[PDB]
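Structure record follows, encoded as structure tokens.
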Amino acid sequence: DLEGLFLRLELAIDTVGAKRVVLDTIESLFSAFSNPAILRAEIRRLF
Amino acid sequence: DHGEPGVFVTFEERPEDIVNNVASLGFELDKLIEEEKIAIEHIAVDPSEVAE
């Protein structure tokens with residue numbers, strides 16, 4: 001739920017030597033399983 | 001000015017972020033924290049790979 005997004009994002013970042021990033025409709029990915037703190041911690045770690 | 005030392009307790013932002021925020025206002029918070037007239041402390045529940 002965290003490592004996969006991190007891995008794909010890092011792969012693409014290294015591909016295009018990204019110095020800018022956009023995250024659109026990240027609201028939907030905030031859908032764990034009725035656990036509030038897990039998604040907050042994932043958000044913080046990603047940022 | 002009034003010689004009363006103080007401490008800052010942040011629960012969501014980095015001490016570095018706080019100092020950077022007040023930088024542009026001509027406040028030498030970095031100097032104060034390194035001269036021990038003031039302090040900063042960051043407190044958050046779980047670091048990583050552990051339950052909150």
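Note that each Cβ is placed from the backbone with ideal geometry, even for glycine, and that neighbours are counted across all protein chains shown. Any read-out appearing in this document is the output of simple, stated calculations on the displayed coordinates, not a laboratory observation.
What chymotrypsin sites (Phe, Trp or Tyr not before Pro) in chain B are in a loop by DSSP, with at most 15 other Cβ atoms within 10 Å of the Cβ?
Of the chymotrypsin sites (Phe, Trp or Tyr not before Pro), the ones in loops of chain B whose Cβ has at most 15 other Cβ atoms within 10 Å are B:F11, B:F27.
How high is the relative contact order of chain B, in percent, counting Cα pairs under 8 Å that sit 6 or more residues apart?
Relative CO of chain B lands at 49 percent.
For chain A and chain B, what is the centre-to-centre distance using only Cα atoms, to the nearest Å?
Centre-to-centre distance over Cα atoms comes out at 27 Å.
Across the residues of A:37-43, average count of Cβ atoms on other protein chains within 10 Å?
Average neighbour count from other chains, rounded to a whole number: 2.
What's the angle, to the nearest 10 degrees (0 to 90), between helix A:36-46's Cα axis and the longest principal axis of chain A?
Between helix and principal axis, roughly 10 degrees.
Would you please state the base-10 log of I(q)/I(0) at q = 0.24 1/Å for the protein assembly as shown, with intensities from the Debye formula using one equal scatterer on every alpha carbon?
Those come out to -1.25, one per q.
Please list the non-local residues whose amide H lies under 5 Å from the amide H of B:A39, H modeled 1.01 Å from N, same-chain partners needing a gap of 5 or more.
HN-HN under 5 Å from B:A39: B:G6, B:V7, B:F8.
Could you tell me whether chain A comes out rounded, prolate or oblate from its Cα gyration tensor? Rule is a ≥ b ≥ c as square roots of the eigenvalues, rounded for a/c under 1.5, then prolate if a/b exceeds b/c, otherwise oblate.
prolate
Which shape class applies to chain B: rounded if a/c is under 1.5, otherwise prolate when a/b exceeds b/c and oblate if not, where a ≥ b ≥ c are the square roots of the Cα gyration tensor eigenvalues?
Cα axes put chain B in the prolate bin.
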